[PDB]
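Structure first, then comments.
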């Protein structure tokens, strides 16, 4: 708590986009899956529990289960769920 005056404005819209979601349900490479394990490992405890909340939305058979009990294996979930995780982490730690 030293120096309280710092002016700030952000105004210049150069080129933005607005795309759809899609599933893109492709069995991705091992490198993609361990990259998710790595990015998610950097994320908050919330955002770790959130990757589980995603597989729980996909699998009602896991939705009622404790997210603390199980970890997120990217091969056992749907070909779409690993892809939904792929984009989610890159929406969370960086912005798109």
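Numbering (this note's numbering), first residue to last: 1097 to 1192. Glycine included, C-beta positions come from ideal geometry on N, C-alpha and C.
Can residue 1184 and residue 1147 be called in contact, C-beta distance under 9 Å? For the purposes of this step, residue 1184 is taken as residue 88 along the chain shown, with counting starting at 1. For the purposes of this step, residue 1147 is taken as residue 51 along the chain shown, with counting starting at 1. A contact, by the Cβ cut-off of 9 Å.
Whether or not the segment 1124-1131 and the segment 1156-1168 are in contact is what I'm after, with contact meaning three or more pairs of Cβ atoms, one per stretch, closer than 8 Å; do they touch? no
Residue 1115 versus residue 1192 - alpha carbon distance: Within the chain shown, numbered from 1, the residue matching residue 1115 stands at position 19. Within the chain shown, numbered from 1, the residue matching residue 1192 stands at position 96. Their backbone Cα atoms lie some 11 Å apart in a straight line.
Could you give the residue range of the alpha helix (DSSP H) that holds residue 1145? On the chain shown, position 49 is the one that residue 1145 refers to. Counting along the chain, the alpha helix (DSSP H) containing residue 1145 begins and ends at 1141-1154.
In angstroms with no decimal places, state the Cα-to-Cα distance between residue 1178 and residue 1171. Counting from one through the chain shown, the residue named residue 1178 turns up at place 82. Counting from one through the chain shown, the residue named residue 1171 turns up at place 75. Near 8 Å, if we compare the C-alpha coordinates of residue 1171 and residue 1178.
Ordered along the chain, which non-local residues of its own chain (more than five positions away) have a Cβ less than 8 Å from that of residue 1136? By one-based count along the chain shown, residue 1136 stands at place 40. Within the same chain, residue 1136 has close Cβ partners 1143, 1144, 1147, 1168, 1181, 1185.
Between the C-alpha atoms of residue 1173 and residue 1141, what's the straight-line distance to the nearest angstrom? As a working note, residue 1173 is residue 77 in the chain shown. As a working note, residue 1141 is residue 45 in the chain shown. Straight-line Cα distance between these residues: approximately 21 Å.
Nearest to residue 1081 by alpha carbon, out of 1124, 1138, 1162, 1121? Because the chain is modelled from 1097 through 1192, residue 1081 falls outside the range shown and cannot be assessed.
Nearest-angstrom Cα separation, counted from residue 1149 out to residue 1164: For the purposes of this step, residue 1164 is identified with residue 68 of the chain shown, where counting begins at 1. For the purposes of this step, residue 1149 is identified with residue 53 of the chain shown, where counting begins at 1. Taking the straight line joining both Cα atoms gives about 11 Å.
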